[PDB]
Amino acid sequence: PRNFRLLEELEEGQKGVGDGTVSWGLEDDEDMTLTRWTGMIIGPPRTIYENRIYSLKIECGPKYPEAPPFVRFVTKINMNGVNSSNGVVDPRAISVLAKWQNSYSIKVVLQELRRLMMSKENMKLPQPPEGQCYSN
């Protein structure tokens, strides 16, 4: 059931579950549909992304967690699968979204996005100045 899972994911985001390298939570604490979330990732060591903070907006639809959610970066980033114009994530480019399972969650998507920042293609790639945000 969509609502109750998002309630568990909310409490997990408040308890900071995981290896401390990603965080997620509601965009609006009064949103009773639990649709719009905000995520954050810190770059992984040994990469050009390392120690750069990246914010993301995540949208869980009515069929979540049956279907994957929409994901886009708000902080500028150059990475395969992320639209260079608005930071939208192409689900076909991310295996965790291309082959989505209802066991996955927002935490998993963030963890997958951070792991992929270590891939060969993304490891070394020119980054825009830190802290920039797409025009929205």
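Sequential numbering from 1, following the sequence displayed.
- The mean Cα B-factor in the deposited entry runs higher for 126-134 than for the other of 3-11 and 126-134.
- Per-stretch averaging of Cα B factors for 27-35 and 66-74 places 27-35 on top.
- Of the candidates 86, 55, 80, 111, the deposited coordinates give 80 the top C-alpha B factor.
- Residue 48: CA B factor in the highest third of modelled residues in this chain (values from the PDB entry).
- When the modelled residues of the chain are ordered by their C-alpha B factor, residue 42 lands in the lowest third.
- Compared with the other modelled residues of the chain, the Cα B-factor recorded for residue 93 ranks in the middle third.
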